[PDB]
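Chemist: Numbering (full-length UniProt numbering), first residue to last: 1 to 134.
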């Protein structure tokens with residue numbers, strides 16, 4: 001069933017649910033339109049040759065989040081610079097959290113999952129998840 005296929009075709013099928021490639025000069029209206037979601041910046045030079053980090057974790061989190069039904073807007077590649085510059089975050093691959101239609105925080109991905117508990121708690125006081133506690 002299915003096959004490998006290094007990226008490319010997978011982008012279309014993931015686009016079918018939750019993921020959408022967004023932009024900078026029109027991000028304001030997107031955030032305004034939905035009022036609930038995140039913008040994922042393309043992976044800035046993180047060093048370490050080869051070994052592309054899989055963004056599937058974001059898709060994983062998306063469904064594993066029982067708090068609210070937010071949407072994952074992702075930047076293709078060049079878009080990251082404009083988006084990250086717009087609010088001064090471009091430096092490392094991160095996801096900006098837009099709650100209530102406003103930017104409040106961002107997920108950096110420096111401390112695996114542990115920062116999800118601490119950072120999101122500050123962004124969305126509403127109880128999100130119950131496990132791990134790290």
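Just so you know, even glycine gets a beta-carbon here, dropped at the ideal spot from N, CA and C.
Let me know the beta strand (DSSP E) ranges lying completely inside the region 40-96, each 3 residues or longer, listed in chain order.
Modeler: Counting only runs of 3 or more, we get 71-74.
Chemist: When the Cα atoms are used, what is the spatial distance from residue 98 to residue 119?
Modeler: Using only the alpha carbons, I get a separation of about 13 Å.
Chemist: Is DSSP giving residue 113 helix, strand or coil here?
Modeler: Three-state result, residue 113: coil.
Chemist: If you reduce the DSSP assignment to three classes, tell me which class residue 26 lands in.
Modeler: Three-state DSSP puts residue 26 in coil, outside helix and strand.
Chemist: Using only CA atoms, which one of 58, 44 and 45 lies nearest to residue 38?
Modeler: It is 58 whose Cα lies nearest to the Cα of residue 38.
Chemist: Checking 8 Å against the spacing of the C-beta atoms, do residue 46 and residue 6 come in under that value?
Modeler: In this structure, residue 6 does not lie closer than 8 Å to residue 46 by Cβ.
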